[PDB]
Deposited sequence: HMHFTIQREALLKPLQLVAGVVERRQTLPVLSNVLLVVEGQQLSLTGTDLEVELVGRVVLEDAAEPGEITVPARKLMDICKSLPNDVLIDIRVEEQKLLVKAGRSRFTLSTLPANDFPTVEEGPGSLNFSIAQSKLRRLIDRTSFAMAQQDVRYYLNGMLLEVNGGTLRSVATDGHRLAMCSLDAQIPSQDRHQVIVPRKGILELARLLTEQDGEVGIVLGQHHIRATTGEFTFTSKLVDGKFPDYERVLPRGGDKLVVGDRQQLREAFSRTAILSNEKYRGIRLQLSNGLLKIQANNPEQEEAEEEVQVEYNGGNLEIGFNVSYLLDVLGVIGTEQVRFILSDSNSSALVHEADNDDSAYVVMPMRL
């Protein structure tokens, strides 16, 4: 008996967000859950890992109820309808009836009872921009399908008052810290699965907006008023990353981010397609870059850098270095090195908020 009227654009906005998480084994998983309670329409999409909820206030008289309908089909019908049209939606004999202007649609349904949180340990509000920065500055370093399952995601840590993101695949690490002034009384850690965290970052579009965060023992919740995002957590312990951060780095290199990125990209063309190895030769004011492949093709480049100290010959995966440079927001970049067998520490020119660790390759 569920029935409501809605403007095309009012339905389209939450429908597009929700359909984005809809990808399926169970047939109901391909469906969007529609719930009319009073003058509110709720739209829910899930893949069992993440759940996204969109909400719309209904203007004209609406009859309550709940149903599930093919998410992609309803979104495509909504998108294809003329701009600003009023859509009439009703449930009739296990079918969804859609009317808009001279267009009529009948969709198959699945019962809402078949559609598939968690006390909060910590809850705080944060700028969408600050949370998105933490994810976007580190997400490239997360492992993908590593047997060490706890690496296939991002650590979100609250400590002191600081919110920190940590991502690693065992070869390289990315970390970003922001003083959000969150009272915690203890260090709190959560591992958000890779698919979930990447979805969340894409949802954080409000440059001026705020997001309410709830950290639970097995879930994370992000609320913006227009949407509620819920993700299950990776049930494991994140490695002791503090133990792998290089501390005694004696070789400080200051270089131009663009010059280094351009030289690494040029040399990468002639590096091994699988191993992506490049050789770095550091000396006073100079960085020599060399790359070669099995066909004996070779690329060489010399980059002027701010460096005074002893020589260093070190091997690196060029893609790992390019990944780091792609997230450095300053014109200059700091590389802190020691020996050929030890990690490179990378920072922005003017702050230590972001830190990148890259293990070398044997030459």
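Q: Tell me, which runs of residues in the deposited sequence have no coordinates at all?
A: The deposited sequence has unmodelled segments at 24-25, 119-121.
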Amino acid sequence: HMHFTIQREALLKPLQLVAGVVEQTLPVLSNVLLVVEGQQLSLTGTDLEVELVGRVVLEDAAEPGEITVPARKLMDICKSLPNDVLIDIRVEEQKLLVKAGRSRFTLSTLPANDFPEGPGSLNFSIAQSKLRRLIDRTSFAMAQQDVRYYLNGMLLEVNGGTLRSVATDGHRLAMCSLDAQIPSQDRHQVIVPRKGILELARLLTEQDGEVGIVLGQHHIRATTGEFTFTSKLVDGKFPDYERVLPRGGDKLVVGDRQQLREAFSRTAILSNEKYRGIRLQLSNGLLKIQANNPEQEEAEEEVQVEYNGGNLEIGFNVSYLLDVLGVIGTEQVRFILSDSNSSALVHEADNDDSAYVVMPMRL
From here on, numbers count along this sequence of modelled residues.
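Q: Look over 245-253 and 162-170 in the entry and identify the one with the greater average Cα temperature factor.
A: Result of the comparison: 245-253.
Q: Going by the B-factors listed in the PDB entry, is the mean over the C-alpha atoms higher for 268-276 or for 200-208?
A: Looking at the record's C-alpha B-factors, the answer is 200-208.
Q: Between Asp76, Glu262, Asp240, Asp146, which carries the biggest CA temperature factor in the record?
A: Highest CA B-factor of the listed options: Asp240.
Q: Among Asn317, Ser30, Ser338, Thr44, where is the Cα B factor highest in this entry?
A: Highest CA B-factor of the listed options: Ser338.
Q: Split into thirds by Cα B-factor across the chain's modelled residues, where does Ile6 land: lowest, middle or highest?
A: For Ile6, the deposited C-alpha B-factor lands in the middle third.
Q: Ranked by Cα temperature factor within the chain, is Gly309 in the lowest third, the middle third or the highest third?
A: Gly309: CA B-factor falls in the highest third of its chain.
Q: Using the B-factor values recorded in the entry, state whether the Cα atom of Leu151 falls in the lowest, middle or highest third among the modelled residues of its chain.
A: Answer is lowest: the recorded C-alpha B-factor places it there.
Q: Considering only modelled residues of the same chain, in which third does the CA B-factor of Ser129 rank: lowest, middle or highest?
A: It belongs to the highest third of the chain when residues are ordered by C-alpha B-factor.
Q: Going by the CA temperature factor in the PDB record, which third of the chain does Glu117 belong to: lowest, middle or highest?
A: It falls in the top third of the chain.
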